[PDB]
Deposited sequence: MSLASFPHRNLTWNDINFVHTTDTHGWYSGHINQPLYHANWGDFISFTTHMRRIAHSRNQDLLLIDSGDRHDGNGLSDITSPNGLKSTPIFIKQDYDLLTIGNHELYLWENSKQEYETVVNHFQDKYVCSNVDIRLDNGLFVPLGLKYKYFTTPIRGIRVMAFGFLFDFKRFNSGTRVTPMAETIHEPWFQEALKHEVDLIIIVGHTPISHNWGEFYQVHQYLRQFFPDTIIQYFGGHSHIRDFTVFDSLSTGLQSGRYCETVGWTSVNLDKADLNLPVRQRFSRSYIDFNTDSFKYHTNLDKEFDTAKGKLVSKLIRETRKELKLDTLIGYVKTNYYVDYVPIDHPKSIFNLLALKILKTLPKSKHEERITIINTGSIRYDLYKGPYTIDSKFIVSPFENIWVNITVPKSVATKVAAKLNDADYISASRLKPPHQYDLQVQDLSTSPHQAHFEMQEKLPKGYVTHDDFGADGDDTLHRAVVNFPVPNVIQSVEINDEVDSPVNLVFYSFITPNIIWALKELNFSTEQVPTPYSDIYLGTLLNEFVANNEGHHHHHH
């Protein structure tokens, strides 16, 4: 029930999602994001119908990462078995892959067989290949799409680019977009005549990231006065970036908190329009107040399709037992509203109380290290459910260890916290922390290339502290040099090995299994107060 900023519509309109991470049920602990996928389906039904009645085109676009962060997607093996049927009920026009569809073979195979198969001609991946059962590799989806819009006959070419991701499973291949552009097939794709180029990508649109920029230079050589619109993701932020007067990028947040909006005027390049006149953007809070406002409906908002999807969500959550209560949390614990050494930090809670509950021998000295990016959400006070485990700690990381002297072990976390890591260890939004009344709800106030007013709702701006790459839980008996078990996630092995080399510690000791108990299980037992 808030005052809203108006959307600017235009020739072609874009509705954008990214980094949904299975949040199709809506948010219970942040009611500004209460709406579910059904409501969003009602929303876009009307917004398409509205656009068509105004002789305008509208396209829905998704930039990937559709699991790892929610019970709806994560409770099943493989991930997404019950959330995908919900996701694909939305009528996307273009979509691409994120890195979370690529960590495990089961996920990549699932993606190819369900999502790509469903959105056969709409799923575009230019730089990711998948292994067929016969051992040969094929593009995971289309390498590009050439099409014309149904209302205004706009001739558009679309490409799809994943960021330079290193940890893909070996049943897939990612090629950096900087190399993809010099490949034979790409030059052949550039021979088309187009009114509009769409670059969808699970890639941050930030100029500090810099991958889309290199693609932009190359495309400007061949298409010097074509409108090129980018849709990015990965880094979990609302963002909008100007490449030039004929080119911008939109990024639409995370966790179904945000529906991104962009409209473009497609009058000729000769007219020399100001970029702010040609393009407009908005970030829409994922709630029905925002959805009802922008469609101008209330009583007539709910569609029969939307209502069916919302019912399917409730039926799915019930059957997965997601709202089954495990316990109660006494106080709020935050990812980054306080720093990691503050008592209301979820990282302090982990370092002081939870990580210590990993089983230990009587005389054992250990230091346990985790990356901050393994925690995906705040731990809110009140009821803690089955779903809460996956929302906070979705990853099925087991624990390995190496035994090293205390003199070395005590230096490792500081070494890792110093350092450009091959893969990002922090929560995704923690790399854009450059910065520039009581009635308003708490939410985002985005500062992008078009200024500070893109958010569809006036908010009291939320603030984050920087967090380190890793935190440690130290369990030693004294300050005396002794053997210490350095305990960590199997996947941060390369980082530990790097740190040990930087501390000039040589060993050909390899990490050995330490514990199969997931962090999420330790969290459950801590909350329940028994085990």
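**Q** Got a list of the deposited-sequence ranges with no coordinates?
**A** Residues missing from the model, as numbered along the full deposited sequence, span 1-4, 423-424, 443-455, 551-557.
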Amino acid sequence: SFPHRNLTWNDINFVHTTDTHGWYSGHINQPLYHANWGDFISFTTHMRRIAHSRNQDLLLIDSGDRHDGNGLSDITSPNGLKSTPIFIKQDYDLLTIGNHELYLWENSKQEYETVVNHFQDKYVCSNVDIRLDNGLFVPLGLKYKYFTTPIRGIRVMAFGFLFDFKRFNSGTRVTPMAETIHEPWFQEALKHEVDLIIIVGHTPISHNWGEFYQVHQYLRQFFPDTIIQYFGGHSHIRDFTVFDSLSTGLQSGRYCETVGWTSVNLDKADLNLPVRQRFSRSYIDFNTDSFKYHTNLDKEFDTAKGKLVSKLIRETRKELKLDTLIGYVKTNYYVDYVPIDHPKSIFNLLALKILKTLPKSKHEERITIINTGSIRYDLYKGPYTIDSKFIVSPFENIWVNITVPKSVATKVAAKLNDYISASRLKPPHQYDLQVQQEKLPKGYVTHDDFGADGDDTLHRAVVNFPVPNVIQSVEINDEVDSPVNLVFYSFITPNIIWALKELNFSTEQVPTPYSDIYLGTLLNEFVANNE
From here on, numbers count along this sequence of modelled residues.
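**Q** Per the record, averaged over C-alpha atoms, which has the higher B-factor: 66-74 or 464-472?
**A** Here the higher of the two C-alpha B-factor means belongs to 66-74.
**Q** Going by the average Cα B-factor in the PDB entry, point out whether 174-182 or 189-197 comes out higher.
**A** Taking the mean C-alpha B-factor of 174-182 and of 189-197, the larger value falls to 189-197.
**Q** Which has the highest CA B-factor per the PDB entry: 216, 82, 344, 353?
**A** So the option with the highest C-alpha B-factor is 216.
**Q** Per the entry, which of 314, 305, 415, 234 tops the list for Cα B factor?
**A** Answer, based on the entry's C-alpha B-factors: 305.
**Q** When the modelled residues of the chain are sorted by Cα temperature factor, does residue 419 land in the lowest, middle or highest third?
**A** Tercile = highest for this residue's CA B-factor.
**Q** Could you say whether, by C-alpha temperature factor, residue 20 belongs to the lowest, middle or highest third of its chain?
**A** Bottom third by C-alpha B-factor.
**Q** With respect to C-alpha B-factor, does residue 31 fall in the lowest, middle or highest third of the chain as deposited?
**A** CA B-factor rank for residue 31: highest third.
**Q** Considering every modelled residue of the chain and its Cα B-factor in the PDB entry, is residue 489 in the lowest, middle or highest third?
**A** As the PDB entry reports it, the C-alpha B-factor of residue 489 lands in the lowest third of its chain.
**Q** By the record's CA B-factor, is residue 114 among the lowest, middle or highest third of residues in the chain?
**A** According to the entry, residue 114 has a C-alpha B-factor in the chain's middle third.
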